[PDB]
Undergrad: 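Mind looking over this structure? Questions follow.
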Amino acid sequence: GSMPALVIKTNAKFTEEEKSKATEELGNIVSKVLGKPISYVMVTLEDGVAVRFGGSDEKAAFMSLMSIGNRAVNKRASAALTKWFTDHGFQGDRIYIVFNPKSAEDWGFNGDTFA
Amino acid sequence: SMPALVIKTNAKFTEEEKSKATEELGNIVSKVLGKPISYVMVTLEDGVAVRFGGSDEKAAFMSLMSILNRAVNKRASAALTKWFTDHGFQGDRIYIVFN
Amino acid sequence: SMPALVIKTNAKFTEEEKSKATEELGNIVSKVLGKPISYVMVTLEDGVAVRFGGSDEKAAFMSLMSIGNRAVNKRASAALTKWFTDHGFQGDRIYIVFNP
């Protein structure tokens with residue numbers, strides 16, 4: 001799981017400072033669970049999004065975790081990312097996490113691809 | 001058969017900057033993919049909270065969806081990244097994912 | 001097994017307009033994918049800068065994420081497009097991509 005990117009959407013409304021802290025902390029979580037250095041970790045966080053999950057528009061979050069190229073790692077990543085949100089008052093079953101792995105030739109960085 | 005380019009950045013653009021970006025980046029995609037000019041869906045969200053390499057310096061995330069190959073992906077990465085480096089972004093803070 | 005519909009538009013919606021849209025579009029996903037609404041995620045972003053066919057006229061982009069066929073995809077496209085055309089969008093400015 002190299003070059004990971006975590007894209008987050010939530011209907012919660014965060015201050016600018018809350019988002020700055022969130023991208024740091026969620027990025028550090030990604031770095032830790034995937035065993036990748038923080039220098040390649042990308043995090044995007046969009047708040048104030050209209051979200052409905054299970055028919056309810058209560059607080060919820062949608063996340064996609066993308067990376068270059070695992071049952072075990074996915075479970076640890078799901079748990080750790082979900083814990084950041086439950087630590088901030090979200091119900092865990094309203095945290096939707098999807099994983100999108102990619103081949104090196106499908107990842108652009110620094111104007112090139114790693115293939 | 002029409003590609004889609006989804007763009008997110010923590011940079012803040014004026015309306016004219018957004019208008020020019022979706023036109024120019026859309027035309028880059030059309031040209032590199034061998035599609036007609038304007039035959040592309042482009043979305044651009046600015047002011048997004050972004051962190052890359054631990055830093056909240058200006059950065060951009062792009063997803064390019066086309067119903068692509070190793071060679072075309074490299075040309076697309078270079079051409080899209082050049083647009084951003086020409087507009088003040090660091091080349092190593094541009095992530096492009098191909099689908 | 002939990003589908004997600006991600007919507008972006010350059011239209012501007014009120015909070016009440018967004019609430020109604022996520023409800024009705026989510027109900028369409030439930031029906032066309034044959035999944036209970038408890039499994040369906042909908043996100044909606046308005047005020048997005050969009051260009052489609054070279055034009056920044058009112059338009060909507062949708063990505064439907066669900067594990068998996070031509071037949072269901074055709075019905076999904078038709079039903080989701082009808083919601084937008086019933087709510088003031090031009091049909092040829094509705095773009096839907098499927099990600100299995």
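Numbered from 1 within each chain, the chains take letters A, B, ... in sequence-line order. The basis for the numbers below is simple: all heavy atoms, side chains too, and nothing from hydrogens, waters or symmetry mates.
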Undergrad: For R51(B), is there an ion pair with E24(A) - N to carboxylate O distance below 4.0 angstrom?
TA: no

Undergrad: Only one of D112(A), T113(A), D106(A) passes side-chain hydrogen bond (donor to acceptor under 3.5 Å, both in side chains) with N73(B); say which it is.
TA: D106(A)

Undergrad: Quick one: does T85(C)'s side chain have a donor or acceptor within less than 3.5 Å of a partner on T81(C)'s backbone?
TA: yes

Undergrad: Is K102(A) close enough and on-axis enough to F98(B), meaning under 6.0 Å and within 45°, for cation-pi?
TA: no

Undergrad: Checking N10(B) against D56(B) for the side-chain hydrogen bond (donor to acceptor under 3.5 Å, both in side chains) test, could you report, in this order, the C-alpha distance in whole Å, the side-chain angles of both residues, the deciding distance, and whether it holds?
TA: CA-CA 8 Å; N10(B) 51 357; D56(B) 64 356; over 6 Å; no

Undergrad: Flag the pair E24(C) and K20(C) as a salt bridge only when some basic side-chain nitrogen lies within less than 4.0 angstrom of an acidic carboxylate oxygen.
TA: yes

Undergrad: Stepwise, does the side-chain contact (heavy atoms from CB on, under 4.5 Å) test hold for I68(A) with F114(A)?
TA: CA-CA 9 Å; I68(A) 299 182; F114(A) 308 95; 3.8 Å; yes

Undergrad: For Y96(A) and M2(C), what are the C-alpha separation, side-chain angles and deciding distance, and is it a side-chain contact (heavy atoms from CB on, under 4.5 Å)?
TA: CA-CA 9 Å; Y96(A) 176 106; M2(C) 302 205 208; 3.6 Å; yes

Undergrad: Group every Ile, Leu, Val, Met, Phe, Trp and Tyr by side-chain heavy-atom contacts under 4.5 Å, then state whether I94(C) and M65(B) land in the same group.
TA: no

Undergrad: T43(C): what forms a side-chain contact (heavy atoms from CB on, under 4.5 Å) with it, not counting sequence neighbours?
TA: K9(A), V49(A), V51(A), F62(A), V6(C), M41(C)

Undergrad: Taking all heavy atoms of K74(B) and all of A115(A), pick out the closest pair and write down the distance.
TA: NZ-O, 2.9 Å

Undergrad: Taking all heavy atoms of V42(B) and all of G26(B), pick out the closest pair and write down the distance.
TA: CG2-CA, 3.7 Å

Undergrad: Checking side-chain polar atoms at under 3.5 Å, does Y39(C) have a donor or acceptor matched by the opposite partner on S30(C)?
TA: no

Undergrad: Which pair of heavy atoms, one from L65(A) and one from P4(A), lies closest together, and at what distance?
TA: CD1-CB, 4.4 Å

Undergrad: Please lay out, stage by stage, how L5(B) and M62(B) fare under the test side-chain contact (heavy atoms from CB on, under 4.5 Å).
TA: CA-CA 7 Å; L5(B) 178 66; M62(B) 277 170 280; 4.1 Å; yes

Undergrad: I'd like to know if the side chain of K31(C) reaches the main chain of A76(C), judged simply by a donor and an acceptor atom lying under 3.5 Å from each other, with no hydrogens or angles considered.
TA: no

Undergrad: Between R75(C) (side chain) and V32(C) (backbone), is there a donor-acceptor pair under 3.5 Å?
TA: yes

Undergrad: Would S55(B) and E57(B) count as having a side-chain donor-acceptor pair, cut-off 3.5 Å?
TA: yes

Undergrad: Using a strict cut-off of less than 4.0 Å between a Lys/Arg side-chain nitrogen and an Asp/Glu carboxylate oxygen, indicate whether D47(A) and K13(A) qualify as a salt bridge.
TA: no

Undergrad: How close do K58(C) and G88(C) get, heavy atom to heavy atom, and via which atoms?
TA: NZ-O, 3.3 Å

Undergrad: Please report the interatomic distance CG(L33(B)) to OG(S66(B)), rounded to the nearest 0.5 Å.
TA: 4.5 Å

Undergrad: Exactly one of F84(C), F89(C), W83(C) should register a ring pair (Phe, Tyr, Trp, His ring centres under 6.0 Å) with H87(C). Which one does?
TA: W83(C)

Undergrad: Is it the case that the side chains of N99(B) and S63(B) hold a donor-acceptor pair, with the cut-off being a distance below 3.5 Å and no angle test?
TA: yes

Undergrad: So, for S1(B) and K35(B), which heavy atoms are closest and what is the spacing to 0.1 Å?
TA: O-NZ, 2.9 Å

Undergrad: I'd like to know whether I96(B) forms a side-chain contact (heavy atoms from CB on, under 4.5 Å) with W107(A), so could you lay out the CA-CA distance, the side-chain angles of the two residues, the decisive distance to 0.1 Å, and finally the verdict.
TA: CA-CA 6 Å; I96(B) 306 169; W107(A) 204 284; over 6 Å; no

Undergrad: Ignoring hydrogens, what is the shortest heavy-atom contact between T10(A) and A60(A)? Give both atom names and the distance.
TA: OG1-O, 2.8 Å

Undergrad: Given the rule that I, L, V, M, F, W and Y join up when any side-chain heavy atoms are under 4.5 Å apart, are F52(C) and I37(B) in one cluster?
TA: no

Undergrad: Against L25(C), only a single residue in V40(C), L80(C), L44(C) fulfils side-chain contact (heavy atoms from CB on, under 4.5 Å); can you say which?
TA: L80(C)

Undergrad: Would you say that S78(A) contacts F99(A) through its side chain, given a criterion of any heavy-atom pair below 4.5 Å between the two side chains?
TA: yes

Undergrad: Measuring from atom NZ of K18(C) to atom CD of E16(C), what distance do you get when rounded to the nearest 0.5 angstrom?
TA: 12.0 Å

Undergrad: May I ask you to check whether over 12 heavy atoms, not counting those of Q90(B), lie within 6.0 Å of atom CD?
TA: no

